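As structure tokens, one chain now follows by itself in the form deposited without adenine.
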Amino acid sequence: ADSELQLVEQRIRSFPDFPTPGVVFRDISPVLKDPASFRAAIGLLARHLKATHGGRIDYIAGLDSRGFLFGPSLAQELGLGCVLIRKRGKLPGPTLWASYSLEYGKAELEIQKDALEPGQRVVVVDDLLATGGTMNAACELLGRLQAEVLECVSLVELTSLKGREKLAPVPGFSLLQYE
């Protein structure tokens, strides 16, 4: 490509009618497969977070499961640790949990009770912002641990699903937007 953003944008692959007829799926797989594209993606997110919070972030919180692909790498780039917010049942020890809407039904996310001490400043990371269901659940869980969620970031945002407005008061950032 050329610029870093187009190095990422050219690696987001479109699949119409997946998983259901009418929708257009955005596949982030080529970004991970091309090391130059992955590097560019992490760098863009890292520079945004460094410029925005001035190095004053305590942890990245990565979302099960595609957020796991970006969370640790972004954390490492910023010199920060990464905490995990997982689907219900995946984490050992005492947990807090929260429900959210998934397709035609309901699901739950969880976090370990000792994942954070009170007052930690945290950025939530996932690959794609759609309905905002999981990010909303994530913010609720972090709040119960008395964390300060600085913002939610993703590579892709699907604007027609209005995920960003649901996250308020928490600000959202995304590298790329489609419907």
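Sequential numbering from 1, following the sequence displayed.
Not on display, but discussed next: the form deposited with adenine bound.
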item: 4.5 Å heavy atom contact, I42 and adenine in the deposited bound form; value: no
item: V170: touches adenine in the deposited bound form, heavy atom cutoff 4.5 angstroms; value: no
item: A130: touches adenine in the deposited bound form, heavy atom cutoff 4.5 angstroms; value: yes
item: Contact at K50, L78 and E148 by adenine in the deposited bound form, all three, heavy atom at most 4.5 Å; value: no
item: Proximity to adenine in the deposited bound form (heavy atom, within 4.5 Å), stretch among 140-148, 115-123, 52-60, 23-31; value: 23-31
